[PDB]
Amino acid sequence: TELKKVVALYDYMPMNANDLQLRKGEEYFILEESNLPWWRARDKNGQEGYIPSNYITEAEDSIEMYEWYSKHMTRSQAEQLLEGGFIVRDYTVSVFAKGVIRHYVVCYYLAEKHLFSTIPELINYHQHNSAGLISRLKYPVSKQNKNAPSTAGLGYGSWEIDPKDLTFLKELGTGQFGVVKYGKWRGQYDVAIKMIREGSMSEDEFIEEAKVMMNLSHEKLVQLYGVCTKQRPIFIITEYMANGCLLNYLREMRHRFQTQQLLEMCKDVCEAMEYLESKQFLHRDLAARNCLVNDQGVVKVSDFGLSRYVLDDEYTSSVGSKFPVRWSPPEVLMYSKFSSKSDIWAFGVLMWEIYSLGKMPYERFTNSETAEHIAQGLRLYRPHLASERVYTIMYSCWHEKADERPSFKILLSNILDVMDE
């Protein structure tokens, strides 16, 4: 069929009339191959004759041809011969530097790569050369709504909020302590203002401890901006969450999210609970009703610690008619022993709330019924939207022994893990 092509490695002047002249670099076609050291070839012009089979290589870009390459010339010999002057040998690329020689083994690639000290250096490189990537880095992707974080206070050193700077724009809700209205502070920044009905809380004890809660800053943690004592009944001012509480969101705003966003809702809360855990600050009543959702769908936890200052015994007492029994572990129901682990238990139930899109935990049971059955070993079943792995996480929160339950550090790790899928 087709003729085998070769390249002349060396010049060859014909020694007689049988010979064909070879010119280095030029290409020739074999008419007759053989174990013999002479082959019958054809010039690129059509001229024919015999050429030394050792003076030629095979068809595509072989190696003996180019400048550098030096077969089996030892490392020592290559060093004697050898800024940036190089050669390749049996592979290995040897280079002269300042005087010294650097050797790089070729396995086609060296072995190592560009060793950048920082990510920005890496990015700067591939913005100039694709060097192995699918395309040169050309355009960094945007974030239409960047949004700055929350400041621990509305300016430095201001717990007191002057209601002259508060414009009551819209009523939004009606929390357990009073009417939650929405407004701008100094007619610029959005702020949620929560009325506290008199008698609801022991103001003196609460407000003094709000000073601490002020200095609790975290991106997934509904920022407490301040309070006002002059205007009574009082008013705690907090970060504005445009989509209201998570429970109502899970139930009445289902068109606003996909089931693949649920795990992220858990992650958001978990990041927040890790923070409160690190500050050894117990939330005391973690539940979907106490998480809020902002304009961008981010879930943040609110009303953390707030139950310590509720005067209504029916909320505080573990035997009370409105106590969060359905979110409470056995140790809280039996001996009112709150701890990080009680928050973790609550989180498990909160995870369940999220994945059942806001269904009431143990909805068939009474609070005392739930208490008894939990204590026996009744655990919330897997919601349909929760995968085996996700359920394993929320279930771990419900271990009857407190110290055997994960930490929010651990849970956060586990959640980011399945998010990968």
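Just count from 1 along the sequence shown to find any residue number.
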| query | finding |
| --- | --- |
| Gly99 preceded by how many uncoordinated deposited residues after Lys98 | 4 to 9 |
| Chain break class at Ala148/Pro149 - deposited residues not modelled | none |
| Stretch with the greater mean C-alpha B-factor as recorded in the entry, comparing 335-343 against 135-143 | 135-143 |
| Residue stretch of maximal mean CA temperature factor, 187-195 vs 116-124 | 116-124 |
| Largest Cα B-factor, entry values, listed residues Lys322, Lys71, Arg254, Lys220 | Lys71 |
| Largest Cα B-factor, entry values, listed residues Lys230, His283, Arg308, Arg289 | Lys230 |
| Third assignment of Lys300 from its chain's C-alpha B-factors | lowest |
| Lowest, middle or highest third - CA B-factor, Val212 | middle |
| Third of the chain, ranked by Cα B-factor, where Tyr355 sits | lowest |
| Position of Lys267 among the chain's modelled residues by C-alpha B-factor, lowest, middle or highest third | middle |
| Record-listed C-alpha B factor of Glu363: chain third | lowest |
